[PDB]
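Here you get one chain, nothing else, as structure tokens; it is the form deposited in one PDB entry.
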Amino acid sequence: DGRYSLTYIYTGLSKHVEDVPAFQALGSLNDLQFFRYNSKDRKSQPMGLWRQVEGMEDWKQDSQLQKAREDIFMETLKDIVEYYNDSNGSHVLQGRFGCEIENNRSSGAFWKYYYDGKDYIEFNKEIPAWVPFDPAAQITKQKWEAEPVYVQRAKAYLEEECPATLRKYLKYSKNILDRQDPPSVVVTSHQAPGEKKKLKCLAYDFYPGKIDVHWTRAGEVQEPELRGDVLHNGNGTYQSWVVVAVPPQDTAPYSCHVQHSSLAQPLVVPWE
């Protein structure tokens, strides 16, 4: 088995904007979004290829779970805004949480909040405790640690419930998540007549996103002067590219290397 993750982004606004739900929720399996929810419709909706999967989750039931989470989340926002007494300005709270498994063993988890884009509070499950980054998070910390069972429940969600949901979802999502699309490659060059040649290598049309694209000079990896990535959200493919500068007096042979999980071995594309 490989690495899999289940992650969530919850976002909440203190100030109503027309046609924008105050509370918005997104869930992801690896880099693919599988469900959404908002405060207008108040319904857990599957997304993408999970619209055609049956039995993974009871979405009607999960909508009740999300309503409950909405109320506690928005109450936390309300408390922060009341702490600063800016009850007429626009403010945002974002919570992010999730877990990971590799080789079917838990390999990570996190649970963090941001207020107006800055670190607010995070759960450190190894202590265990909520760690505040902002004066107002002292009040939130104390509500969430008012009884010694709350911390243990928080730890247990990250270490037991989140991985159990992930393992459940994998039995239904394995084909979707194990998609292997191999990269195609394009190599480019340009130069002023007798000056530094710029060589660019681009891998594209690939999934999953993890990849290593690099130039070698006679086998030795070169440091790019420029690099970049692309994600086409629609078809769910990626691209990744690097540029190196080659002195006009450099005669060594350059190749582009592409290491990706869909390949038996790295693609090596010489530039001649």
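Don't overthink the numbering: it's just position in the shown sequence, from 1.
FYI, the form deposited in another entry isn't displayed, but the following is about it.
Rigid-part agreement of residue 87 with residue 201 between this form and the one not shown
For residue 201 and residue 87, the answer is no, because the two are assigned to different rigid parts.
Change in CA distance between residue 45 and residue 230 in that other deposited form, which is 3 Å or more, as closer or farther:
Here the pair is farther apart than in that other deposited form; there, closer.
Considering a change of 3 Å or more, are the Cα atoms of residue 45 and residue 231 closer or farther in that other deposited form than here?
Compared with this form, residue 45 and residue 231 lie closer in that other deposited form.
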